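Residues per chain, in single letters:
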Amino acid sequence: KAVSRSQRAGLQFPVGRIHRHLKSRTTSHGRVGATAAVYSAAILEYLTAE
DNA sequence: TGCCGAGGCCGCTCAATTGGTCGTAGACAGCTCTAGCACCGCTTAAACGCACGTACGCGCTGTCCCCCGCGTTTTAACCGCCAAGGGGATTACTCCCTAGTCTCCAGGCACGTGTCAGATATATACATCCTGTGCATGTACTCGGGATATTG
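Residues numbered from 1 in each chain as written, not as in the entry; some residues may be left out. Chains lettered and ligands numbered in written order. Part of a larger assembly, values for the part shown. Heavy atoms only, no water.

The deposited coordinates derive from cryo-EM, with the record listing a resolution of 3.43 Å.

Right, here's the structure in full:
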């Protein structure tokens with residue numbers, strides 16, 4: 001049974017659709033997995049203010 | 001009449017700009033770096049651009065049908081003005097304080113290297129999440145009639 005990384009952060013937003021998005025805006029180099037979990041929850045958190 | 005009074009043209013003297021000449025001091029141009037490490041040339045096995053009916057989606061098209069535009073003029077005060085008054089923004093000076101220079105002096109840390117790890121990428125298998133689709137009601141809407149608020 002697969003989990004989802006959204007549940008391990010505790011977030012409603014898609015932590016793995018981000019990551020794949022960031023990996024397309026990246027010079028020629030990679031992106032840490034712990035970036036998607038404070039990339040998200042600093043896009044959610046504008047929702048629930050907007 | 002008178003007188004003269006009031007009247008209208010021309011060399012000193014001073015006070016900014018303007019352009020000139022003096023001399024001297026770092027800072028610019030250039031050399032040789034030399035030195036080295038990037039550009040190139042030379043292969044390779046490579047990804048990704050690209051020239052090209054057809055299904056067909058929608059951009060554009062020929063109609064009628066009405067408000068908001070279009071036109072007028074009264075007026076209404078908005079907006080402009082001028083002139084006066086008061087002060088507060090301004091000017092010119094004297095005293096004053098520190099901005100700025102230099103110089104000495106230390107160690108803080110930004111700089112740099114020296115090793116090599118926990119990081120994240122990439123593959124394959126894959127299950128699952130998420131999209132596109134199809135599908136009832138529930139509301140937010142437009143209307144009509146009356147109450148409350150506010151303008152003149």
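Asker: Tell me what's going on with the environment of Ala42, and back it up with residues and numbers.
Answerer: Looking at the secondary structure, you find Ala42 in the loop between α3 (33-39) and β1 (43-47). The class for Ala42 is partly exposed, based on a relative accessible area of 29%. Remark: the alpha-carbon pair of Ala42 and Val32, spanning 10 residues in sequence, is separated by 16 Å. (Helix = DSSP H or I, 4+ residues; strand = E, 2+ residues; numbered from the N terminus. Buried < 20%, exposed > 50% of the residue type's maximum accessible area, 1.4 Å probe, protein only.)

Asker: Break down the side chain of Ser6 for me, citing the residues and quoting the values.
Answerer: Secondary-structure assignment places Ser6 in helix α1 (residues 5-9). In terms of polar contacts, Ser6 uses its side chain to reach the backbone amide nitrogen of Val15, at 3.2 Å. If we skip the residues at most four places from it in the chain, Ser6 touches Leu11, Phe13, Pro14 and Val15. (Polar contact = N/O pair within 3.5 Å; in protein donor to acceptor, adjacent residues only side chain to side chain. Contact = heavy atoms within 4.5 Å.)

Asker: Describe unusual backbone geometry, naming the residues involved and giving the relevant values.
Answerer: Phi is positive for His19, which is not a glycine, with a value near 75 degrees. By relative accessible area, which is 17% here, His19 ends up buried. Of note in this structure, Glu45 is not a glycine but carries a positive phi near 90 degrees. Among the structural elements, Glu45 can be located in strand β1. On the accessibility criterion, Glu45 (46% relative accessible area) is partly exposed.

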